[PDB]
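Below is one structure, written out as structure tokens; the observations come after it.
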Amino acid sequence: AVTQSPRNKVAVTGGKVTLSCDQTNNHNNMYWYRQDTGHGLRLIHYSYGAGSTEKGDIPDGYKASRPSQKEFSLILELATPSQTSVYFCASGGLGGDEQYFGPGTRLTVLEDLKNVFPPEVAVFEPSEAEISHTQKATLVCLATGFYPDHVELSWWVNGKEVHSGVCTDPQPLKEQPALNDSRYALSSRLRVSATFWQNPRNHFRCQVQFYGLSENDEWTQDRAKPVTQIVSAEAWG
Amino acid sequence: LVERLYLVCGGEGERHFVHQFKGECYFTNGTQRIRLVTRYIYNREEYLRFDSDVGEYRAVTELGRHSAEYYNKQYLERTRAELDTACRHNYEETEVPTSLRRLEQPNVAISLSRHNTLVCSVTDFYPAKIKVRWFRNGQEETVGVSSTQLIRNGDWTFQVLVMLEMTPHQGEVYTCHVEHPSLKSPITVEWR
Amino acid sequence: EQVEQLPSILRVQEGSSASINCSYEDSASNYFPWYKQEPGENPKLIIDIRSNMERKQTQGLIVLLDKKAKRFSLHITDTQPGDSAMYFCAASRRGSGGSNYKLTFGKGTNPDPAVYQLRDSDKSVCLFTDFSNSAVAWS
Amino acid sequence: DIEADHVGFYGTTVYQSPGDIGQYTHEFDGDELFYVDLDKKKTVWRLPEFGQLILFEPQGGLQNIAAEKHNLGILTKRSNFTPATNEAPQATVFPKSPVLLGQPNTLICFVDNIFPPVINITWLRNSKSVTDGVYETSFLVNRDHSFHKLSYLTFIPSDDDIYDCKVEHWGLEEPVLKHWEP
């Protein structure tokens, strides 16, 4: 398989970025694509082997490197806001056909560090009006006032991740679309029968994962440092 | 510039070790019945071999028993396809406009070697198909004719030496007569 | 010049057939396949075809080529949501190659209402439901 | 085994280790169409004539090379690092056109039953060594999966010139001398 670290970075304009890859398929040729909604699946750079790196479709500002069979690294010498996108890796070779792509990498550049925040996780409890009528129960999670827009949300019953009956904002919503920031918002839904939302010993938890500032990140403001953190909220039946 | 396509070799899952890939297109009668054969070789042992007449990959020695199953899954599509996409396209687009269209004019010369021996020396032809007789005075001489094998100089030429063991009376009409088919007309060389 | 996809965006009723067109330069190319990027995931391969033939149909998946038209395309039967993905169209000189060695890739591709309440464990948001199906927005 | 008018050996990789030796060559009825030179990554056509009309993309020799390494990897283990058995090459020297004083010819040294694909093939004129106006082939496949290889000498016949073709190959105790005289 493929993998790639980072999986999400948040950047600072005028910095250096490096995304590695590391395929393990013993494959010959490796490629960095950038997927941006609107512009498709564009090819940045690539290679046919340990050593050489060829220009792709969109190699402007993207100096690419590959030291060995395993590793292929995309380098963004100097950041700008327009370098902001998803980024994918893929390997294939000996002797094909079938491009094996990586899990993905969500990057974000910024012009300033001012409007950057975590998300506040509010878990809501269904009406008794629901339980009497549809003979079942539906809990609702919300997360508001966070920058930037990439957060992963999940559900947890008896310390166990659960997928059944979960709808979620496939995309978040701009708070003011009129203003240029302007903080994003997100929602979710959970459901089971009302022999679980009545019974106490069942332990519900909504769980945003947020990928803000990491460890070494020069923090200036005198509010609490915004960082990569899980944010929770729970309920009992 | 029309492109030449390679047959694809498929990957896997003081002492010297050696691996060969031999992909091979067998034409007969134009492209009317092509046969594709790929063989995979450890040192000199042929271990695993696709052949179009069987239609799947098969092991050939115990060393390829495990190899068989894998390839049949990961290639086999695309490998049945190769016959129709780079055995053919190769022939009908690069062999036609090159090799199947080389004629190279032959090149006849006689001389005394050492009762002696005469050497008709037919050089520089292509194709290999050629006929070379010995006429001393009008009829063909059977006996005392000792030809070589058809040498292959491997620059896309040939050569062959036909030898007549004879004994010169008077002055006689000797004739190396030579049919190729870059020759519309039979070269025929004269000797003393 | 190389490959145009189409349709750009597409809707379909749960249970209808669904179809993606494509064309190429390229000229003849001998490898044209398909890719299903699941919501928020990687592209994983679904079906391929070479110039060898014009119809392949595999485990609910229908692919067609017309070589001389420089034209190929993708069809499904009796759909679900399970087949709602960003689908990806690419094409390539099978091999050998090359400049146009590999890929490419075109641009991409009880009805029973209620409005229930929900409180904080005070802070309220409400719902619109069953038009499973549900959504919220508020100011 | 195996009736046909024409044989296209298209794609023929060979890889042997240690030392990283590789060789990508196409053939048609027995004559080298072209090899891919691996350092420079360029097709190298046998008679450049063939270079004007058709092209072979060289990266595709590289691909077939890459997979051929890999499977060496796998097999060499698998066989229980059975190593290959060093063969004796044979040599015959011959000339392209009949021999005639003052007119230039070509001396040909053809070596068959080579295995492995390493040999050394060199030229002697009255036993002093010669390099100028030498050309040597690729390795060329056989049936029993050996190879044959030929080298060419630009001379101008004379007297008394004596011409030796010299082969070094690990299957040989002592270098073989092929002796030829006009």
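Throughout, chain D uses Swiss-Prot numbering, with the displayed residues spanning 26-207 in order.
Determination method: X-ray crystallography, 3.2 Å.
Using the three backbone atoms N, Cα and C, a Cβ is placed for every residue, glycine included.
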Site from D:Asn105, D:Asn145 that Swiss-Prot describes as N-linked glycosylation site, others unannotated there: D:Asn145
Rounded to the nearest Å - Cα separation of D:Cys190 (disulfide bond) and D:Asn145 (N-linked glycosylation site): 10
Spatial separation of D:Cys134 (disulfide bond) from D:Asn145 (N-linked glycosylation site) - C-alpha basis, Å: 12
Listed in sequence order, residues with CB under 8 A of D:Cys134 (disulfide bond) and six or more positions away: D:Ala116, D:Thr117, D:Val118, D:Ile146, D:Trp148, D:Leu175, D:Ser176, D:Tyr177, D:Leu178, D:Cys190, D:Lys203
Helix-strand-coil residue split for the region 'Alpha-2' (D:112-205), DSSP-based: 0 helix, 50 strand, 44 coil
CB contacts for D:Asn145 (N-linked glycosylation site) [other CB atoms within 10 A, all chains]: 13
C-beta crowding around D:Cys190 (disulfide bond), within 10 angstroms: 23
